[PDB]
């Protein structure tokens, strides 16, 4: 079968289709029009966007396909280096860092992070407890303060103190401006236009800032000798069982940058979308708040209580089904192969997995794909293989998945225990796109149930 292709623009092929405020949503619309696979071409590039579980289940076969660096990741690699997210599987530093960091990211390690996560979550609750009568909450903003601070504290024992400020941290200013430049660079029809020399000069300056600040964090920890139980201690003291080698300081810096990207708006997006869906679905909100009250019987949650917030976990997975905050990942064929018995691929050919569209496959989820129903996730064995991929695939899947879900379950549980929520503006969903997704302008009012934290 010959796969369809969206409209073209002469020699620019499909590239101008990405010069839009909401490229992921544009690609979802194309998938709606063209179906489970379509070719997408740009100058010097060819990829194929997959949206059906039928094909994506084959793409997820690790003997046939390996992680590819998308153009976005190639550009992000300019400041994330050979960190875990931007390295090829065959690079020595991927497997080394993977082996070293897996024990830092397990459920067991979460027991060690829990008290630091609680510290930040309590700050979020206290902020909302202290709002005045008809003030409102800026949801993505506050969730990002929470997520950033949490990775800062658990990552390298650093307090961004985001609840004490409006202006971002200098590192964050440069990181967000660098990520903004990556997105802009994906949209440029002639990236060599001298009109972009200023953007390129700024990009290099923002990389220098990120490197200087993180290199000083590591140098300071090496100069103090302190043994905080955080990711940076683990990276300074860990050795790869395979090679017997530790990570070098350059690669530790890339890992820290990579975690700060992931733990910023990528993770806060999940909380923001989950709270949006809860306030738009009052019976689901009631059910989740009933669980929060039943389980969280102490002034602050224990690790074990967070694990018992089963329905809250289902809420989070159903938010990840509809709006996964890493909306695509790329793959390449390790050898010649045929997809779905119909689409021949040559070794090296690349694929894009359009996750939001996969999660709307009616053959998997039924006709109600657009409704918010956490009960879909009662039983993981009832979900077909590779139908749900918000954390990627295989050995290249999200190392941070337990971290993200634990911190999100904790704070969402605490939010539900301590407040009743009002959608006071009847907020109309507007998904702002960077390299991640957020409900721009989403606001709520939170009325305290007056349950103390002491």
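Numbering follows the first chain given and starts at 1.
Averaged over Cα atoms, the B-factor as recorded in the entry is higher for 36 to 44 than for the other of 400 to 408 and 36 to 44. When the C-alpha B-factors of 189 to 197 and 303 to 311 are averaged, 189 to 197 comes out higher. The PDB entry assigns its highest CA temperature factor, among 381, 107, 89, 267, to 107. Across 24, 12, 443, 17, the entry's maximum B-factor at the CA atom is seen for 12. Sorting the modelled residues of the chain by their CA temperature factor places residue 365 in the middle third. Per the deposited record, the Cα B-factor of residue 340 falls in the highest third when ranked against the other modelled residues of its chain. For residue 63, the recorded CA B-factor ranks within the highest third of the chain. Only modelled residues enter the ranking. Among the modelled residues of its chain, residue 424 has a C-alpha B-factor that falls in the middle third according to the deposited record.
When the modelled residues of the chain are ordered by their C-alpha B factor, residue 318 lands in the lowest third.
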